[PDB]
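Structure 1 and structure 2 below are the same protein chain in two forms, each given by itself as structure tokens.
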Structure 1
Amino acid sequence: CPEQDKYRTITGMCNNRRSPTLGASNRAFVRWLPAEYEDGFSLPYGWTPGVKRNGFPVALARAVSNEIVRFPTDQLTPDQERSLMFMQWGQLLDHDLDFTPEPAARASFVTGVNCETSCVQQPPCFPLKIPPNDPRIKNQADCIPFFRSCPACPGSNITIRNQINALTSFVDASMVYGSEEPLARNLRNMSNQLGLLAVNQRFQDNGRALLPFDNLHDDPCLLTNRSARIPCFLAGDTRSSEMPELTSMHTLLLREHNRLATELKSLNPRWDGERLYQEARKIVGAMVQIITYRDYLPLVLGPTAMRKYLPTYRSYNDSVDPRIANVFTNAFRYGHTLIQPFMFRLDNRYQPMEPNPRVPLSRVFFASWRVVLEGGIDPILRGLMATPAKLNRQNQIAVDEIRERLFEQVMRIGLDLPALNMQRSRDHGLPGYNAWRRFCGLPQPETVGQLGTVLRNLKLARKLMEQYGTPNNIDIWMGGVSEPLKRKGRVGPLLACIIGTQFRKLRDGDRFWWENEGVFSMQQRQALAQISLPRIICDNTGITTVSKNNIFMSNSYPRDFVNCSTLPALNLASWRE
């Protein structure tokens, strides 16, 4: 692996020359704190009945969800200063960074149970048990299905279990391009020398490209509309079909790639396919870094944490670990608090669009067919710009479309995503709330009253102590989102630390960071500074009026919108050699 490369590898190998696997795909997560398992090696807390964590029973994740996360959904508080696009960018970004493989249901044959149908707790299943008097699951012998995330060293319980990141930790648009060489080439247009990505061959979106179809053996998308038979989409990341809002952002960048490669071919006609692809991929990668660090993250962290954890960039530092920490996989799920119970779709004029302008999310999961057959991505993208995000509040944590009805259409029961989050941090052996507080330099409350003070909400503190017994046992997602939001951000101090720490490392430890010397020329970097998400939307959709910067704050039409005319296009002249 060389020492004068100019483009990233697909897998992330050789970003850190001294240690070329750092940040590469299909490796274990770095641990920022040692794992915490029931048996010190692999069993998740909750696994063995009557086995307490730090002197207290383990709370059923679903009970914690029921008593703490549940709220009347029609009482949801719109967020006056964020758009839904602020939620959707966090989901899409997270799919640049981390994906944790779990085993297939068909590995159940002969051996363990099908975790999808049985409630039997044996490997690889860790089903969520149902509390008494559950509002929805009235049979206590039922369960919410759960597959344990795959072990990173399969074997003999001598080493502490850890989990695998199937993606490049780098902010490199792997969601678009693949973190593996065969996928990455499957995503490519290999029938010519234009450097494009493959596109669908049976359908287009008002003359514009759609993602190609993937071929899965148990395709969930086909089940959301039996007659339409629209399968899931093929992308850099396996989840691009989970929500048409997410599909829409994947499709946006797919077109931006091909539009870029088209310009770059007009500019430099002698460049071959490989070179066109790599150069567009390079630009698309910096766009994701720029949107992420310039526009999105300041509005997650708020100014104070933005300055503490993400100071002004100096240059590349090959001594920082760019890997994704295990805890971040769970902490970056703060965004489930921003999620609205409906997919909103709007027309030409940002007015409700028929057929269905307000579709419950539980009829939208894996509904690939709504992109192809119900108007393409323009109405979805307008909805994301001109609808408020949900506001996280301490008694309106998450909506029931994801807490009672997750993937209802493609599973034997609706799942509970918050409960899944807490079961997943247990699966991953993550330490509790106070241990992450300590790691972050933050007071650790021990009493209900002291928890009261940290949360500035005695009533939430009592509910948390009722479920968990001690703040030490609070699951990281639950305690993280229970904290009051920092000023002009959407997380408390704990998650601000974890999240901001992770992204500093991803920037400072990325040899191909767009501002580092040598990656781009001085002129290319002054061109890239112009780019914005609204402009990307202008270049690749039928949408002529878009959100004004900052798109993640803008959220009311027509107040916060402008014509596309207003916006400088990206100037690729600096690429003309």
Structure 2
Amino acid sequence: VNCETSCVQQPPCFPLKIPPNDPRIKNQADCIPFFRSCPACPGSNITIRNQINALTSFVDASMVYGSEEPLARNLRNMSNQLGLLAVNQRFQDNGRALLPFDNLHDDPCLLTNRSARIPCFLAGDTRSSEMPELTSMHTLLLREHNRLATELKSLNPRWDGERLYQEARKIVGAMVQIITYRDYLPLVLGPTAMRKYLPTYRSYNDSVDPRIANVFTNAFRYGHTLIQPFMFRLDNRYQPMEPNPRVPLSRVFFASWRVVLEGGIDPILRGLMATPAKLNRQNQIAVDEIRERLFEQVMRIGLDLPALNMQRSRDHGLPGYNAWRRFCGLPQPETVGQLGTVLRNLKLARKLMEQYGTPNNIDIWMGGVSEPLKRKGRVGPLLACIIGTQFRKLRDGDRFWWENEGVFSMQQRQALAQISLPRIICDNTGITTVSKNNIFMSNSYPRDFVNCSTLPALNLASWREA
């Protein structure tokens, strides 16, 4: 059974059925395509089915370098001893590097515009081209790697390609860790959940299991509620870069041609900085660009991301809402009245009970994004617990965590504490005006912006071997 072209329910397909009076799909014989996640132990009549993580769980920039040795080598420039990552040999963005193209059998990116013939990009992770804004971030980090390897090559002439590569990769990895834990997570969790789940780092604990939990793969999709219906692009004075400043998201998915032929990554990065994210409200959960028209250009029918999330949690055998609440030490509402109190919203509680019958069966993503957001955070108690618990394990259970004694020198850690996403943008783009830290909060130009000239670059002097 071809899960993409058939609605027949047979391994490995688990198509989403269409309800009566669906707002878009009036034909109930249709379905939303769904392939079951690969089983860790195929065909077993003994093991309880589990799914696989194809990536390293560590915050180690594996989306830049790859999580398997063949790929990681192919992403590298082996033509010399500079320790660089390979760049696009057919295109540049205003004289700067693009990611190399990938070689896929059925390249989805080609389908987003037939005459442009721009394939998907090749990166450490397979999804770099899924949206141009994500592609911009991969490209930004690729450039920072090479910029770091170049400076390092000046400070340390004896260092060969392997040494430069590893040293540049080690700095980039720390950068992703610092941006994530210092600037991002506090704004996800809120101050209260941050202090509770991520207490001050002490040191590496080899008894802390660093694996991604199955539930996290669905819980962290809370980010789907932050998605705006457009890709916003702005010029160097931060105005709508015509003729298409606000492209519907359903025409940017896998649209790699837009990065290559529509102005590169600068217009996109400025759009991310100067545009508010969407706020998650209990009756404004996720936009139809992803609920109705997900990947519309690259397959027979538009998908529904929120619906895929719920079908995925069932595919993965994930427990319902109350089981996760109990796991987190949170009260488990049994009636519509109790659910209403937990949600501070009787109307939503009624809709949930009407769908599920009991809060015991609410799918984890649905229940998690339904909760009122913690003060100065963008998730409720349940997701804060799941996400905070995951990130503490990824930190404490990482032998190469940037703050672990032995990884960096005291002076190296002092230099790295000055890094920021805004500075990295200043170092690797044609943008000379960027967001004031914290970049995840700033969103209004020019009130929240500053010149790059005012931001101290990373000082690699303490990397000198002398």
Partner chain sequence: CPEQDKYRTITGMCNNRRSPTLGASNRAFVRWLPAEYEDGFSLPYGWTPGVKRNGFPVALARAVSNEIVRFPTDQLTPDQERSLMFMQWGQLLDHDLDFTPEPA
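Only residues modelled in both forms are compared. Just so we're on the same page, residue numbers count up from 1 along structure 1's sequence. Between two forms, the rigid core is defined as the largest C-alpha subset superposing within 1.5 Å.
Task: Index of the chain form solved without its partner chain, chosen from the pair - done: Structure 1.
Task: Following rigid core superposition, Cα shift of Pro355 between structures 1 and 2 in Å - done: So the C-alpha of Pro355 has moved 2.5 Å between structures 1 and 2.
- [ ] Once both forms sit on the same core, give the Cα displacement of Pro154 between structures 1 and 2 in angstrom.
- [x] With the rigid core fitted, the alpha carbon of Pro154 is displaced 1.3 Å between structures 1 and 2.
- [ ] Could the core-superposed CA displacement of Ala398 between structures 1 and 2 be given in angstrom, to one decimal?
- [x] On core superposition, this C-alpha lies 0.2 Å from its counterpart.
TODO: Note down every stretch of 3+ consecutive residues with C-alpha shifts of 2 Å or more between structures 1 and 2, superposition done on the rigid core, in sequence order.
DONE: Run moving 2 Å or more: only 155 to 157.
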